[PDB]
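Step one of this worksheet: look at the structure below.
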Amino acid sequence: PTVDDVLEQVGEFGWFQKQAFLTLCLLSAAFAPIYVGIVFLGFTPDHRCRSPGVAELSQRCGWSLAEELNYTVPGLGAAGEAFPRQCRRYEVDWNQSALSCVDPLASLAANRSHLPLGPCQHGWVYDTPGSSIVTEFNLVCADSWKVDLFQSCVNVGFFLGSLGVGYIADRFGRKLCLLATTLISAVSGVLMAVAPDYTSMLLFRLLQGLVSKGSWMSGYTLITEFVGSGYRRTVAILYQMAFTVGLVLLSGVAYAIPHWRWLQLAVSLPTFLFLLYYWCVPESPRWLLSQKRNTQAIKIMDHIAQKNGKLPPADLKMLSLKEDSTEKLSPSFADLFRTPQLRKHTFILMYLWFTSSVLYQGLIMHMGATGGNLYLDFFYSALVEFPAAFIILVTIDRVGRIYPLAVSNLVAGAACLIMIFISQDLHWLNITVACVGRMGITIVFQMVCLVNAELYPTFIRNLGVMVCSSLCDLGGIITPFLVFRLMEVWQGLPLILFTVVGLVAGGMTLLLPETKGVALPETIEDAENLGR
Ligand SMILES: *[C@@H]1O[C@H](CO)[C@@H](O[C@@H]2O[C@H](CO)[C@@H](O)[C@H](O)[C@H]2NC(C)=O)[C@H](O)[C@H]1NC(C)=O
Ligand SMILES: CN(C)CCOC(c1ccccc1)c1ccccc1
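Its first residue numbered 9, the sequence shown is counted upward by one per residue in the numbering used here.
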């Protein structure tokens, strides 16, 4: 009368499982905006120093946007690529000076560089009709570094939340966390749009980043526990796929409304609707059974059978774990580093997460020149993944869950290697090679997440995945400085490091035990002898 058997008797993947999966998918899409970053909320358009006198002259004679930029703004390429043109103003009086539009400023100085440069007061004038956070607070030239501060603070908040948010979810149940965390994320998101100053917005974003990771991973583990053993692959992969679909929808809606405040409010509000949809999904039976609350476990098991429409088995009265467990099974950080096998698995998974994150960031950094439209580039970036999801689904069932991950990691490493050695000059081959590498990285990410979730015991699963994911955020934070520093030593040093890291990760993946068609463990001692 183990949990898996009764779950099989009523139905592994029935009407109930599909219903829960639909709402969990809705939750998954809602996590994309927080993790996308500042791409659609902090895009920096072209900008020049506002000048009161230019407005009067703009209407006197025929003018064009291109023409105005050329012989009204200081020229670029002097003492920097574009530093002068960006945020320097000549300050030559353009008002009460009828010098003809043919020769507005040429006559005065007979030279452009030698003309006087003043402060870039009067705020700024931006190109895009929409408004971004940069445009809101003039974080352009003097405070340009504040954008880096904001993004780095968000990343640090994400790392800390990954390190900490797991324990509350594990100890107090998965439904409770998925409710409180998503509620906090929703109330903060709608609050950010009303943030008056720079500090308040940063604080609200930090809170949202601290909680969203916990929300998403709690949902993931809940659905994975609910689905039967055989169909774990399908549910997990399609959950990640729903996250990608949400990303695509985010790109579309972002193009729809450019204003950042309205975008944030519109993205945040539906999270309250999801919170309304909490009534459906109950607590995971496995967690309740491990916590020794068998009465609620059996009550839930009756409902799923009712919704499935299949008669429940008569043996539920004696439902319990395989062996008589202890009264208390409290999770703790200490328990995560006691069993040598568990310690080895944790180290390997942490290293795999770190390598995946660093290699992904490196690959996106070494890409080609960005396209004219940011939205189209982001849409293609998201679109590349769906074939990756299709490939992952087919191979997991038959090949296993180790060889695909190892080969994908090695493929990403080799893609970086070929990008380095073979001619990297602009060619049609480079874009396809980059897409291949991106596909490999996506496969690595999905496989790592699935295997890590499936490897740990049930009563600590969320905490383990959280800790092993924190290294992903750490690597994402640290890699840019590493790549900038290494470039100084030698021209192509970074790509050699990427290739060696990928090869080592692919080699190390082999030690991890396979998990093809094996019921996920529920006791630490049971997980110790998983390989044997
Ligand atoms: C950009 O601005 C410069 C201003 O110096 C333009 O140079 C002038 O070009 C016109 C013809 O288009 C000539 O009649 C002027 O004599 C040029 N100025 C000087 C000081 O010699 C330049 O053509 C502009 N380029 C574009 C693409 O707009
Ligand atoms: C779905 N594909 C695109 C990425 C899978 O990893 C996701 C990811 C990784 C860990 C936790 C959540 C989501 C990712 C998104 C953006 C940047 C880095 C990682």
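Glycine residues also receive a C-beta, built at the ideal position from the N, C-alpha and C atoms.
(message) Classify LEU258: buried if its beta carbon has 16 or more other beta carbons within 10 angstroms, exposed otherwise.
(response) Within the sequence shown, the letter at position 250 stands for residue 258. Buried: at least 16 other Cβ atoms inside 10 Å.
(message) Once the 5 residues before and after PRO412 are set aside, which same chain residues still bring their CB inside 8 Å of it?
(response) Position 404 of the sequence shown holds residue 412. Only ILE400, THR403, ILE404, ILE451 and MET455 meet the Cβ criterion.
(message) Give me, in chain order, the residues of the same chain whose beta-carbon lies closer than 8 Å to that of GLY379; leave out the 5 immediate sequence neighbours on both sides.
(response) Within the sequence shown, residue 379 is the residue found at index 371, counting from 1. Answer for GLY379: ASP385, listed in chain order.
(request) Leaving aside the five residues before and after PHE282 along the sequence, list all residues of the same chain whose C-beta is less than 7 Å from its C-beta, in chain order. (result) Here residue 282 refers to the residue found at position 274 of the sequence shown. Excluding sequence neighbours, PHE282 sits near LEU34, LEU35, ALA38 and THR190.
(request) When you get a sec, list the residues whose CB is within less than 7 Å of any heavy atom of ligand 1, chain order please. (result) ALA74, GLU75, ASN78, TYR79 and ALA114
(request) To the nearest angstrom, report how far apart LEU184 and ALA177 are at their CA atoms. (result) On the sequence shown, residue 184 is found 176 positions in, with the first residue counted as 1. On the sequence shown, residue 177 is found 169 positions in, with the first residue counted as 1. Distance between the alpha carbons of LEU184 and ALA177: 7 Å.
(request) Say whether the stretch 89-109 touches the stretch 53-72, bearing in mind that this needs 3 or more beta-carbon pairs closer than 8 Å, one atom from each stretch. (result) yes
(message) Let me make sure I understand the geometry here. Which of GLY165, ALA40, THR347 and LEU391 has the alpha-carbon closest to that of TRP224?
(response) The sequence position of residue 224 within the sequence shown is 216, counting from 1. The shortest C-alpha separation from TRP224 is found at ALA40.
(message) I want to know whether the stretch 477-487 touches the stretch 334-351 - three or more CB-CB distances under 8 Å.
(response) no
(request) Quick one: residues in its chain with C-beta nearer than 7 Å to the C-beta of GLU462, no 5 flanking neighbours on either side, listed in chain order? (result) Within the sequence shown, numbered from 1, the residue matching residue 462 stands at position 454. Excluding positions up to five away in sequence, the list reads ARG240, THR523 and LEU528.
(request) Entirely within the stretch 131-155 and at least 4 residues each: give me those alpha helix (DSSP H) ranges in chain order. (result) 141-145
(request) List the whole-angstrom C-beta distance separating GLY126 from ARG93, where the pair is believed to meet the contact cut-off of C-beta under 8 Å. (result) Within the sequence shown, residue 126 is the residue found at index 118, counting from 1. Within the sequence shown, residue 93 is the residue found at index 85, counting from 1. Not a contact, Cβ separation roughly 14 Å.
(message) My output table needs one value for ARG493: the three-state DSSP class, helix, strand or coil.
(response) Counted from its first residue, the sequence shown places residue 493 at position 485. In the structure shown, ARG493 sits in a helix (DSSP, three-state: H, G or I).
(message) Tell me which residue opens and which closes the alpha helix (DSSP H) that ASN438 is part of.
(response) As a first step, residue 438 is located in the sequence shown; it is residue number 430 there, counting from the start. Where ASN438 is concerned, the enclosing alpha helix (DSSP H) stretches over 436-463.
(message) Quick check: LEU458 and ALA264, are their CB atoms within less than 8 Å of each other?
(response) The sequence position of residue 458 within the sequence shown is 450, counting from 1. The sequence position of residue 264 within the sequence shown is 256, counting from 1. In this structure, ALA264 does not lie closer than 8 Å to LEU458 by Cβ.
(request) Using the Cα positions of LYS336 and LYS300, report the straight-line distance between them to the nearest angstrom. (result) As a first step, residue 336 must be located in the sequence shown, where it is residue number 328. As a first step, residue 300 must be located in the sequence shown, where it is residue number 292. Rounded to whole angstroms, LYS336 to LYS300 spans 8 Å at the Cα level.
(message) Output needed for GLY19: all residues of its chain with C-beta closer than 7 Å, excluding positions within five of it in sequence on either side, in chain order.
(response) Translated into positions along the sequence shown, residue 19 becomes position 11. Excluding sequence neighbours, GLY19 sits near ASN316 and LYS318.
(request) Specify the secondary structure class of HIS55 as computed by DSSP and reduced to three states. (result) Here residue 55 corresponds to residue number 47 of the sequence shown, with the count starting at 1. Strand.
(message) For ligand 2, is there any heavy atom lying closer than 7 Å to the beta carbon of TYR368?
(response) In the sequence shown, residue 368 corresponds to position 360, counting from 1. Correct: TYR368 has its Cβ closer than 7 Å to ligand 2.
(request) Determine, using beta carbons only, whether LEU230 and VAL289 come nearer to each other than 8 Å. (result) By one-based count along the sequence shown, residue 230 stands at place 222. By one-based count along the sequence shown, residue 289 stands at place 281. Going by C-beta atoms, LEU230 is nearer than 8 Å to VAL289.
(message) List, from N- to C-terminal side, the alpha helix (DSSP H) runs of 4 residues or more that fit wholly inside the stretch 61-101.
(response) 73-80 and 91-95
(message) Check for me: the alpha helix (DSSP H) holding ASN381 runs from which residue to which?
(response) Along the sequence shown, one-based indexing puts residue 381 at 373. Run containing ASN381: none; DSSP gives neither H nor E here.
(message) Spatial neighbours of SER170 within its chain, please: C-beta separation below 7 Å, excluding the five flanking residues on both sides.
(response) Indexing the sequence shown from 1 puts residue 170 at position 162. Taken in chain order, the residues that qualify are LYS221, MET474, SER477, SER478 and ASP481.
(request) With DSSP as the reference, please indicate the residues paired to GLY126 in a beta bridge. (result) Position 118 of the sequence shown, counted from the start, is the residue given in the question as residue 126. Answer is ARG97, bridged to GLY126.
(message) Spatial neighbours of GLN432 within its chain, please: C-beta separation below 8 Å, excluding the five flanking residues on both sides.
(response) The residue labelled residue 432 in the question sits at position 424 within the sequence shown. Taken in chain order, the residues that qualify are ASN438.
(message) For a test of your reading of the model: does the CB of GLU393 fall under 7 Å from any non-hydrogen atom of ligand 2? Yes or no.
(response) To locate residue 393, count along the sequence shown from 1; it is residue 385. Result yes, Cβ under 7 Å from ligand 2.
(message) Looking at the secondary structure, which residues open and close the alpha helix (DSSP H) in which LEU107 lies?
(response) Stepping through the sequence shown from its first residue, residue 107 is reached at position 99. Run containing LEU107: none; DSSP gives neither H nor E here.
(request) Determine the burial state of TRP436: buried for a count of at least 16 other Cβ atoms within 10 Å of its Cβ, exposed for fewer. (result) Here residue 436 refers to the residue found at position 428 when the sequence shown is read from its first residue. Exposed is the call here.
(request) Can you tell me which of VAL444, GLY408 and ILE46 puts its alpha carbon nearest to the alpha carbon of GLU393? (result) One-based indexing of the sequence shown puts residue 393 at position 385. Closest option to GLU393, Cα to Cα, is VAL444.
(request) For my contact list, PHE251 and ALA194 are in at a C-beta cut-off of 8 Å; report their separation, rounded to the angstrom. (result) Position 243 of the sequence shown, counting from 1, holds the residue named residue 251. Position 186 of the sequence shown, counting from 1, holds the residue named residue 194. At roughly 17 Å, the Cβ-Cβ gap does not stay under 8 Å, so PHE251 and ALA194 are not in contact.
(request) Kindly confirm or deny that the stretch 409-423 and the stretch 507-525 touch, where touching means at least three C-beta pairs closer than 8 Å. (result) yes
(request) Measure the alpha-carbon distance for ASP151 versus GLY500 and round it to whole angstroms. (result) Working through the sequence shown from its first residue, we reach residue 151 at position 143. Working through the sequence shown from its first residue, we reach residue 500 at position 492. So the alpha carbons of these two residues sit roughly 32 Å apart.
(message) Here's the rule I'm using: 16 or more other beta-carbon atoms within 10 Å means buried, otherwise exposed. How should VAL407 be labelled?
(response) What you label residue 407 is simply residue 399 of the sequence shown in a count that begins at 1. By the neighbour-count rule (16 or more Cβ atoms within 10 Å), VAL407 is not buried but exposed.
(message) Quick check on the burial criterion: 16 or more other C-beta atoms within 10 angstroms. Buried or exposed for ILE356?
(response) The residue you call residue 356 lines up with position 348 of the sequence shown. Counting Cβ neighbours within 10 Å, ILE356 comes out buried, since at least 16 surround it.
(message) Let me check understanding here. Comparing Cα to Cα, which of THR303, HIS311, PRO339 and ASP332 lies closest to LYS325?
(response) Residue 325 sits at position 317 when you count from the first residue of the sequence shown. Among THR303, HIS311, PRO339 and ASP332, the Cα nearest to that of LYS325 belongs to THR303.
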